[PDB]
Structure formats: structure tokens, C-alpha cells
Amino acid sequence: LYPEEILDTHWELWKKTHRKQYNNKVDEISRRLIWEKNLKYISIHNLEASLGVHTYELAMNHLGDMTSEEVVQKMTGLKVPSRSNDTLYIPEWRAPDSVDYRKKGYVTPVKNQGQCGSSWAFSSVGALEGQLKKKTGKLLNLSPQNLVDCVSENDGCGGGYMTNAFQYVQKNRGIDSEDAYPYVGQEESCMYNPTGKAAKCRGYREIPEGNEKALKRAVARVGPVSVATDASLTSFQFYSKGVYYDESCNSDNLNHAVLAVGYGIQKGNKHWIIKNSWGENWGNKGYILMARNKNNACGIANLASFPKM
């Protein structure tokens, strides 16, 4: 396995566009070969898609020189946790056929968590941003760094979960804006006082586990909902467009937190509209459509919650 010289100019361009640097020629070569293997995978997968094997396309992106395991290790951050009546979401049973809170002005720009296991914080923040819009009419970027640094029941860039974050915000009576408390991609000391109160209220509700119909109802009724997924597959790492569905996605291997901002159907494939935090160069300008009502694909309804306070 040597690199393919025909790609030399494309490798140089790829490095420049994604601000990639390497410590030494040996690392650069190893990273180039990972990239060429990912490219070949993307090519074959898209051929299979052109033949109806898959409902979605892949594309190269800024993660191209990484393995799938490396992506999970460095840029996810969901740690799985306790389910009681006082945090249980109880719907009030006709939801619309499709919802897209992006178009209603409830969804801020796509963010980039970088190499910090903080997707739990970005997921929490997105849900909080939706509820703030619902209650005030104003859309503002809120602060994931506030959560990474200050949710002591979570582990900062080493991971966490969303309900701990919501509980922190409830105890703290709010969260800072991103402007007041900006993201740095590494854990620092909390800007503020140790967390007071013993929690008067939980501050969040949870979707019954695995229930996609309850999740749809909650998205329609409440707003964007924090969710978890298995993001360990290469097919996820290079998702580009279409409706994502991969039978190797393991609903018992949740490892990444994202945000359901809607649901619908595209070309006859039902989906969830999912906001990621890998920047806009991933997926479809930062989004992935994930299969809906295909037996809880990727565990999308296994760890779903939203803030309520």
C-alpha cells in the first residue's frame, strides 16, 4: 500500500482547505493512506447507492484522514447514565405530517465541537435554544462551554449526558449566551460559583425509551429534542445526503449526542432531521436525515429528552 500519485494534487488541496498539518512525513503518509481508504469506501458505497442498496450518499469531508474509531474517541462525548415519573414525558394525544424548526427560526447555526467529547453540551444547548425562542421570540446562541466547565456531574471533554446538563441549568436558573461565555474546546475552571440548591425540580422530561411515536409527538408539541445515537460507523462519518439507514448501527451502542429539530419524509423515506455539531462541512451543511419508524434505527429514541423549567 503506497499512495496513488494521481491523487497527489487533490491531497494537497484537501490539506489546505481543511487546515490540516502533520508532525512529520511518516504521519502525513499514514494519514494519506487512511484518507485514500476512506475515499475508496465512499466510492463503492455510492455505487451501491446508485443501485438502490442504500437510501443515502457519502462524501469526503474534513474527517477524511481519521478512522471511525478515532472519530468516536475524539469528537463525540455521550456517556450513558434512573427513570422516574417526575421526569417522564406524557403526550396529550394530530401531529403534523412533517415539522422543521429550522424554517420556523428555532435553530441556531451549526457548531463545531472540535476534538472535545462535548456533544452532550451542544445537544443540550440546541434544545435550550429552541425553548428560549419559544418563550421569548429571540433566537440566541447559548454556551456549551458553560456546561462543559460547570456541570460537575458530567466529565467535560471526557463526556456526559444531557439531563445532567438540564438539571444544572434548572439549579442555576439559566445558562449564559455563547457571546458571554465562548467555546474553547477544552475544559477549564467554571466561571461561576459552585452549584447551589439541592434541586427543587428536575428541569427536564424524558421520552419513553425507544418510542419513536412519543418522540414525534414531543418534537411537534415542545420543539427541538436532545437525542443520542451510535455514530461509530464510517457510513455516518461521511454521510452527505439522503436518509441515513445502516443495519450495522447499534441502538445499544449510544455514543454521540445530537438534536432532533424536525421530522418528515423525503422521496418516500421517513426521517428525523438531526442537527450535528461537527461543523457545516459534515453531512448536509451540518445535518443528517436519519431513518424514522425503521425500528428505532441507531437508537435515536433511546435517550431522548428536553428541558422544562
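Numbers for residues come from their place in the sequence shown, where the first is 1.
Next item on the list: Select one of none, 1 to 3, 4 to 9, or 10 or more to describe the deposited residues without coordinates separating residue 93 and residue 94.
Entry: Gap size class: 1 to 3 residues without coordinates, per the record.
TODO: Report, from the record, the number of residues in the deposited sequence between residue 81 and residue 82 that have no coordinates, as none, 1 to 3, 4 to 9, or 10 or more.
DONE: Unmodelled stretch: 1 to 3 residues, a short break.
Original post:
Looking at the deposited entry, does 224-232 or 154-162 carry the larger mean Cα B-factor?
Top reply: Going by the record's values, the stretch with the higher mean is 154-162.
Regarding 124-132 and 202-210, which shows the higher C-alpha temperature factor on average in the entry? Higher of the two, by average CA B-factor, is 202-210.
Review point. When the CA B-factors of 277, 253, 46, 240 are compared as recorded in the entry, which is the largest?
Key: That would be 253.
ask   = Which listed residue, 89, 183, 101, 168, has the largest C-alpha temperature factor in the record?
value = Most elevated C-alpha B-factor of the set, per the entry: 89.
| Against its chain's modelled residues, does residue 173's Cα B factor rank lowest, middle or highest third? | Its C-alpha B-factor, which the entry lists for residue 173, ranks in the highest third among residues of this chain.
*Ranked C-alpha temperature factor of residue 14 among modelled chain residues, by third*: Middle third - that is where residue 14 ends up once the chain's C-alpha B-factors are sorted.
Task: Chain-relative CA temperature factor third for residue 111 - done: Middle third.
### Message
Test of reading the entry: by CA B factor among the chain's modelled residues, which third contains residue 31?
### Response
As the PDB entry reports it, the C-alpha B-factor of residue 31 lands in the middle third of its chain.
Q | Chain thirds of CA B-factor: placement of residue 259 | A | It falls in the bottom third of the chain.
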